[PDB]
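> The structure is given below, and queries will be raised subsequently.
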Amino acid sequence: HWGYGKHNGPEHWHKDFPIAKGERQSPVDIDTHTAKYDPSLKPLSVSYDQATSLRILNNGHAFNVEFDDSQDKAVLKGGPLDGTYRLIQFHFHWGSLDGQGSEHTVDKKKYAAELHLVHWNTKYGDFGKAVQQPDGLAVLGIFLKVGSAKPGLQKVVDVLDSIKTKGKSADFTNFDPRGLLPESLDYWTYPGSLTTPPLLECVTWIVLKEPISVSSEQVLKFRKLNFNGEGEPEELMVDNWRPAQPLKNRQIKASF
Ligand SMILES: NS(=O)(=O)c1cc2c(s1)S(=O)(=O)N(Cc1cccs1)C[C@@H]2O
Ligand SMILES: [Hg+2]
Ligand SMILES: [Zn+2]
């Protein structure tokens with residue numbers, strides 16, 4: 001079924017998920033000159049102090065770190081949002097080379113990877129109900145550039161070896177997501193969708209201005225993952241990103 005290869009890649013998704021051609025699809029190019037500064041946007045409130053991570057899983061398209069979302073432990077509020085959004089998982093999209101891998105681009109600049117911390121609106125009771133709503137999810141996206149190593153990232157990198165293939169998971173408790181944030185919380189925001197099937201248009205996207213840098217040996221580890229399951233032919237998990245979709249009459253507001 002879907003994936004990122006020539007035969008089942010982004011350009012084929014519309015056949016099974018017609019919403020791929022919809023009106024608020026993601027990712028988009030952020031054009032910094034056309035984004036409107038909106039001084040009514042409140043500051044973001046990232047409360048990741050009580051975060052409880054549980055495990056890391058290679059799901060065949062990325063690896064996800066799942067968090068216990070049964071109580072308001074790690075939440076996002078403020079910014080463009082109304083209400084409390086709970087952290088449920090985070091994952092990355094990366095490239096086969098350092099010049100590609102982000103999903104969102106800024107003035108057409110692609111970064112080496114992009115981190116998505118996925119939150120759902122607690123108003124709706126569970127994640128499944130939240131993906132039925134136009135303001136059901138908020139994903140915080142952070143660009144990664146290659147430079148110095150990110151200390152907070154290394155714990156994830158050291159575990160990727162035990163989850164090499166599709167369907168492996170490993171326990172991964174006590175990871176603190178705060179070590180993945182940039183210094184500044186300045187952002188662009190716009191209404192959008194999930195960037196992988198089922199491509200539902202449930203998401204308020206918050207994309208931070210400031211990228212974090214990771215080393216080349218750290219992103220190199222990402223690239224060793226496999227799309228396939230154990231015993232299947234090896235396909236390296238690289239380039240698991242969707243190209244920018246048309247903005248078609250949405251405006252990207254900026255908090256700065
Ligand atoms: N790339 S991205 O940030 O826009 C996201 C992709 C996926 C996300 S967020 S999800 O965890 O919410 N989930 C979506 C759903 C699961 C069940 C019903 S819909 C898995 C998706 O692959
Ligand atoms: Hg929706
Ligand atoms: Zn994503």
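Scheme for the structure tokens: letters A, B, ... for chains in order shown; per-chain residue numbers from 1; ligand numbers from 1 in order shown.
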Using only C-alpha atoms and all ligand atoms, find each residue with an atom at most 6 Å away from ligand 2 and format the answer as a list in words.

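Counting only what the definition allows, namely only C-alpha atoms and all ligand atoms, the set is residues 131, 132, 133, 134, 200, 201 and 202 of chain A.
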
> So that I have them on file, write out the residues from the current selection with C-alpha atoms, as a PDB file, in the first residue's frame.


```pdb
ATOM      1  CA  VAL A 131      -8.929  13.216  14.053  1.00  0.00           C
ATOM      2  CA  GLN A 132     -12.583  13.803  13.103  1.00  0.00           C
ATOM      3  CA  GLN A 133     -12.315  17.520  13.796  1.00  0.00           C
ATOM      4  CA  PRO A 134     -10.895  20.552  11.871  1.00  0.00           C
ATOM      5  CA  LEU A 200      -6.854  14.236   7.162  1.00  0.00           C
ATOM      6  CA  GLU A 201      -7.212  18.000   7.443  1.00  0.00           C
ATOM      7  CA  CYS A 202      -7.343  18.123  11.210  1.00  0.00           C
TER       8      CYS A 202
END
```

> Could you give me the residues within 7 Å of ligand 1, counting only C-alpha atoms and all ligand atoms, as a PDB file with C-alpha atoms, in the first residue's frame?


```pdb
ATOM      1  CA  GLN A  89       4.150  10.895  19.997  1.00  0.00           C
ATOM      2  CA  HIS A 116       6.949  16.621  14.440  1.00  0.00           C
ATOM      3  CA  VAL A 118       1.946  15.508  17.567  1.00  0.00           C
ATOM      4  CA  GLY A 128      -9.612   8.927  17.494  1.00  0.00           C
ATOM      5  CA  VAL A 131      -8.929  13.216  14.053  1.00  0.00           C
ATOM      6  CA  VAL A 139       1.709  19.438  15.332  1.00  0.00           C
ATOM      7  CA  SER A 193      -3.317  18.219   7.331  1.00  0.00           C
ATOM      8  CA  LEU A 194      -1.372  15.086   8.278  1.00  0.00           C
ATOM      9  CA  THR A 195       1.464  14.716   5.818  1.00  0.00           C
ATOM     10  CA  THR A 196       1.131  10.936   5.502  1.00  0.00           C
ATOM     11  CA  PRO A 197      -2.067   8.875   4.671  1.00  0.00           C
ATOM     12  CA  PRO A 198      -4.872   9.227   5.650  1.00  0.00           C
TER      13      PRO A 198
END
```

> Could you tell me, counting only C-alpha atoms and all ligand atoms, which protein and nucleic acid residues lie no more than 12 Å from ligand 3, written as a VMD selection string?

chain A and resid 26 to 27 61 to 64 89 to 94 101 to 104 113 to 119 138 to 143 193 to 197 199 203 205 207 240 to 242

> Using the selection just defined, write its residues with C-alpha atoms as a PDB file, in the first residue's frame.


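Result file part-v5.pdb:
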```
ATOM      1  CA  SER A  26       0.441  19.936   4.188  1.00  0.00           C
ATOM      2  CA  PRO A  27       3.339  20.499   4.051  1.00  0.00           C
ATOM      3  CA  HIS A  61       7.560   4.656   7.520  1.00  0.00           C
ATOM      4  CA  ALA A  62       9.313   6.423  10.428  1.00  0.00           C
ATOM      5  CA  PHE A  63      10.161   5.643  14.043  1.00  0.00           C
ATOM      6  CA  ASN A  64       7.810   7.073  16.657  1.00  0.00           C
ATOM      7  CA  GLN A  89       4.150  10.895  19.997  1.00  0.00           C
ATOM      8  CA  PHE A  90       6.950  12.487  18.046  1.00  0.00           C
ATOM      9  CA  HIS A  91       8.713  11.361  14.856  1.00  0.00           C
ATOM     10  CA  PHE A  92      11.039  12.689  12.185  1.00  0.00           C
ATOM     11  CA  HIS A  93      11.131  12.964   8.415  1.00  0.00           C
ATOM     12  CA  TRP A  94      14.676  12.920   6.975  1.00  0.00           C
ATOM     13  CA  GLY A 101      14.401  15.786   4.367  1.00  0.00           C
ATOM     14  CA  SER A 102      12.180  18.466   5.835  1.00  0.00           C
ATOM     15  CA  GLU A 103       8.547  18.498   4.752  1.00  0.00           C
ATOM     16  CA  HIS A 104       7.933  22.233   5.226  1.00  0.00           C
ATOM     17  CA  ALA A 113      15.050  16.599   8.678  1.00  0.00           C
ATOM     18  CA  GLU A 114      11.952  17.780  10.457  1.00  0.00           C
ATOM     19  CA  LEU A 115      10.664  16.793  13.859  1.00  0.00           C
ATOM     20  CA  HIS A 116       6.949  16.621  14.440  1.00  0.00           C
ATOM     21  CA  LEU A 117       5.574  16.565  17.987  1.00  0.00           C
ATOM     22  CA  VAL A 118       1.946  15.508  17.567  1.00  0.00           C
ATOM     23  CA  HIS A 119      -0.718  16.791  19.924  1.00  0.00           C
ATOM     24  CA  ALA A 138      -1.666  20.534  16.544  1.00  0.00           C
ATOM     25  CA  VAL A 139       1.709  19.438  15.332  1.00  0.00           C
ATOM     26  CA  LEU A 140       4.784  21.400  16.356  1.00  0.00           C
ATOM     27  CA  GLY A 141       7.377  21.105  13.622  1.00  0.00           C
ATOM     28  CA  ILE A 142      11.070  21.820  14.112  1.00  0.00           C
ATOM     29  CA  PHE A 143      13.653  21.845  11.381  1.00  0.00           C
ATOM     30  CA  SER A 193      -3.317  18.219   7.331  1.00  0.00           C
ATOM     31  CA  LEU A 194      -1.372  15.086   8.278  1.00  0.00           C
ATOM     32  CA  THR A 195       1.464  14.716   5.818  1.00  0.00           C
ATOM     33  CA  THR A 196       1.131  10.936   5.502  1.00  0.00           C
ATOM     34  CA  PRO A 197      -2.067   8.875   4.671  1.00  0.00           C
ATOM     35  CA  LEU A 199      -3.948  12.945   5.059  1.00  0.00           C
ATOM     36  CA  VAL A 203      -4.127  19.998  11.970  1.00  0.00           C
ATOM     37  CA  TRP A 205       0.524  23.520  12.167  1.00  0.00           C
ATOM     38  CA  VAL A 207       6.384  25.558  12.673  1.00  0.00           C
ATOM     39  CA  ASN A 240      10.225   9.595   3.987  1.00  0.00           C
ATOM     40  CA  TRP A 241       8.910  13.147   3.284  1.00  0.00           C
ATOM     41  CA  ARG A 242       6.058  14.617   1.187  1.00  0.00           C
TER      42      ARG A 242
END
```

> Provide the CA of residue 209 in chain A to CA of residue 13 in chain A distance in Å, to one decimal place.

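Interatomic distance here is 29.3 Å.
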
> Extract, using only C-alpha atoms, all DNA, RNA and protein residues at most 10 Å from residue 156 in chain A, discarding same-chain residues fewer than 5 positions from it, and format them as a list in words.

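So, after excluding close chain neighbours, the residues are residues 56, 63, 65, 161, 172, 175, 218, 221 and 222 of chain A.
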
> Convert the current residue selection to file output with N, CA, C and O atoms, as a PDB file, in the first residue's frame.


```pdb
ATOM      1  N   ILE A  56       9.585   3.228  21.676  1.00  0.00           N
ATOM      2  CA  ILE A  56       9.963   3.705  20.369  1.00  0.00           C
ATOM      3  C   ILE A  56       9.656   2.528  19.474  1.00  0.00           C
ATOM      4  O   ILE A  56       9.825   1.367  19.874  1.00  0.00           O
ATOM      5  N   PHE A  63      10.163   6.220  12.721  1.00  0.00           N
ATOM      6  CA  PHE A  63      10.161   5.643  14.043  1.00  0.00           C
ATOM      7  C   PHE A  63       9.429   6.681  14.896  1.00  0.00           C
ATOM      8  O   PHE A  63       9.572   7.906  14.708  1.00  0.00           O
ATOM      9  N   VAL A  65       8.230   7.923  18.924  1.00  0.00           N
ATOM     10  CA  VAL A  65       8.431   7.767  20.364  1.00  0.00           C
ATOM     11  C   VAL A  65       7.048   8.048  20.940  1.00  0.00           C
ATOM     12  O   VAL A  65       6.491   9.129  20.715  1.00  0.00           O
ATOM     13  N   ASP A 161      19.262   1.030  16.713  1.00  0.00           N
ATOM     14  CA  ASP A 161      19.747  -0.301  16.362  1.00  0.00           C
ATOM     15  C   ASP A 161      18.828  -1.448  16.798  1.00  0.00           C
ATOM     16  O   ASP A 161      18.731  -2.475  16.119  1.00  0.00           O
ATOM     17  N   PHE A 172      11.293   2.649  26.131  1.00  0.00           N
ATOM     18  CA  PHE A 172      12.048   3.887  25.986  1.00  0.00           C
ATOM     19  C   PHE A 172      11.383   4.851  26.946  1.00  0.00           C
ATOM     20  O   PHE A 172      10.621   5.737  26.556  1.00  0.00           O
ATOM     21  N   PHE A 175      12.489   9.579  28.614  1.00  0.00           N
ATOM     22  CA  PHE A 175      13.091  10.510  27.668  1.00  0.00           C
ATOM     23  C   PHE A 175      12.390  11.860  27.863  1.00  0.00           C
ATOM     24  O   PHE A 175      11.152  11.967  27.940  1.00  0.00           O
ATOM     25  N   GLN A 218      24.772  11.795  13.913  1.00  0.00           N
ATOM     26  CA  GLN A 218      23.441  11.599  14.445  1.00  0.00           C
ATOM     27  C   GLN A 218      22.429  11.406  13.316  1.00  0.00           C
ATOM     28  O   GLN A 218      21.763  10.367  13.324  1.00  0.00           O
ATOM     29  N   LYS A 221      22.592   7.999  11.561  1.00  0.00           N
ATOM     30  CA  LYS A 221      22.004   6.867  12.238  1.00  0.00           C
ATOM     31  C   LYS A 221      20.584   6.628  11.752  1.00  0.00           C
ATOM     32  O   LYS A 221      20.189   5.479  11.522  1.00  0.00           O
ATOM     33  N   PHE A 222      19.812   7.705  11.541  1.00  0.00           N
ATOM     34  CA  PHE A 222      18.424   7.659  11.062  1.00  0.00           C
ATOM     35  C   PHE A 222      18.344   6.854   9.774  1.00  0.00           C
ATOM     36  O   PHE A 222      17.618   5.873   9.656  1.00  0.00           O
TER      37      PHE A 222
END
```

> Would you pick out the contacts of residue 10 in chain A at 8 Å or less, using only C-alpha atoms, so that residues sharing its chain but fewer than 6 positions from it are not included, and give the list as a PyMOL selection string?

chain A and resi 3-4+242-243

> Residues as selected, N, CA, C and O atoms, written as a PDB file, in the first residue's frame, can you do that?


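Dumped everything to again.pdb:
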```pdb
ATOM      1  N   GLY A   3       3.689   4.327   0.551  1.00  0.00           N
ATOM      2  CA  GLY A   3       5.037   4.387   1.047  1.00  0.00           C
ATOM      3  C   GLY A   3       5.664   5.582   0.387  1.00  0.00           C
ATOM      4  O   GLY A   3       4.962   6.553   0.107  1.00  0.00           O
ATOM      5  N   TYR A   4       6.968   5.520   0.121  1.00  0.00           N
ATOM      6  CA  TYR A   4       7.665   6.652  -0.463  1.00  0.00           C
ATOM      7  C   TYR A   4       8.434   6.253  -1.689  1.00  0.00           C
ATOM      8  O   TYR A   4       9.208   7.049  -2.201  1.00  0.00           O
ATOM      9  N   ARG A 242       6.994  14.247   2.228  1.00  0.00           N
ATOM     10  CA  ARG A 242       6.058  14.617   1.187  1.00  0.00           C
ATOM     11  C   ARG A 242       6.476  15.983   0.652  1.00  0.00           C
ATOM     12  O   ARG A 242       6.901  16.840   1.442  1.00  0.00           O
ATOM     13  N   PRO A 243       6.401  16.262  -0.659  1.00  0.00           N
ATOM     14  CA  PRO A 243       6.678  17.587  -1.194  1.00  0.00           C
ATOM     15  C   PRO A 243       5.575  18.550  -0.776  1.00  0.00           C
ATOM     16  O   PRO A 243       4.448  18.128  -0.461  1.00  0.00           O
TER      17      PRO A 243
END
```
